[PDB]
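Visitor: Return atomic coordinates for the entry below.
(3 chains, ligands or ions: 3)
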Amino acid sequence: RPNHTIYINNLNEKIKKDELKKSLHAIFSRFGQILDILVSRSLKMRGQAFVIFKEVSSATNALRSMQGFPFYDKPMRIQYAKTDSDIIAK
RNA sequence: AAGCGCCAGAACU
RNA sequence: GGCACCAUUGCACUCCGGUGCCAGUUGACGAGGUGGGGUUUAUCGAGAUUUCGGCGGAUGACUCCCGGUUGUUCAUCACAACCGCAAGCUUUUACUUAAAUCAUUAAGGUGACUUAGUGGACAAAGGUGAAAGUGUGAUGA
Ligand SMILES: [Mg+2]
Ligand SMILES: [Mg+2]
Ligand SMILES: [Mg+2]
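Guide: Residues are numbered from 1 along each chain as shown, chains lettered A, B, ... in the order given. Ligands and ions are numbered 1, 2, ... in the order given. Take a look:
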């Protein structure tokens, strides 16, 4: 069910990797400390983010609050990650 | 201190 | 990389779906070379991914020209090779710091890459000394 890492989609695909990476860090910093934000632009991974929190407590509040939030003209879609990330697992 | 200087093809961001 | 257009709403942790376009970055490593006029695809090695491809520069080669060596001192003249601040040809000999690639580890980059440093080597042609070997003729002292 719940996870340290959160899965975000429906992101604006037109925005470049690092700009998107640093703009997500601008909002999700309040919920807790972020370990890393993983963004790709490939066919299968575009418009998708993976914010890695240190506390699940933070990832829940981030999921609760930032659901449906218009980010770059497009509302966000947040779930928990299906499995734990490498930095969390190891 | 002239194999030296620029950069339509090409290739790699 | 970045603007668009088409496609994609997708659960990852070594990048990477197209085409059109406007910007990037790479695009020669060092030795050696200039009397004027033409003609032309301009010498020498090192590396190996492109130092490929197209474009200009140029001190190259061949040649005409003027100028001058060498062929036994010197003008005039044929010649024969040469040279443009050097100069017949042959052969050895001594100089003429090769750098890059490689390895490496920084620094600056979103990045392709960039600049710089360290260690370790290895050229070829040409030029310049030196030592033999060794190359003309008329007409004047
Ligand atoms: Mg060079
Ligand atoms: Mg040079
Ligand atoms: Mg090869």
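Visitor: hey, let's count contacts and neighbours off CA atoms from now on
Guide: OK.
Visitor: Leaving out the residues flanking it, which one is nearest to residue A:11?
Guide: Distances taken as CA to CA, 6 or more residues apart in numbering place residue A:47 nearest to residue A:11, at 4.2 Å, with adjacent residues excluded.
Visitor: how many other residues sit next to the one you found?
Guide: 21 (other CA atoms under 10 Å).
Visitor: Touching, it and residue A:15? I think so.
Guide: No - between residue A:47 and residue A:15 there is no contact under CA atoms under 8 Å: 9.0 Å.
Visitor: which parts of the helix or strand that contains residue A:25 are buried?
Guide: Here residue A:25, judged by DSSP states H and E, is contained in helix A:17-28. Applying a neighbour-count criterion of 16 or more other CA atoms under 10 Å, one finds A:20-21, A:24-25, A:28 buried in helix A:17-28.
Visitor: cool, and stretch A:2-11?
Guide: Buried-residue list, stretch A:2-11, by 16+ other CA under 10 Å: A:3-11.
Visitor: Kindly export that stretch (C-alpha atoms) in CSV.
Guide: Once non-C-alpha atoms are left out, stretch A:2-11 reads as follows in CSV (Å, rounded to 0.1, in the frame of the first residue of the first chain):
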residue,chain,number,x,y,z
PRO,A,2,2.0,3.0,1.3
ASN,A,3,5.5,3.8,0.2
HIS,A,4,8.5,6.1,0.8
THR,A,5,8.6,6.9,-2.9
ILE,A,6,5.5,8.5,-4.6
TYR,A,7,4.5,8.1,-8.2
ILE,A,8,3.4,11.3,-10.0
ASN,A,9,2.0,11.4,-13.5
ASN,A,10,0.0,13.6,-15.9
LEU,A,11,3.0,16.0,-15.8
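Visitor: ok, and what's touching it?
Guide: A:46-56, A:59-60, A:63, A:71-72, A:74-85, A:88 (CA atoms under 8 Å, 6 or more residues apart in numbering).
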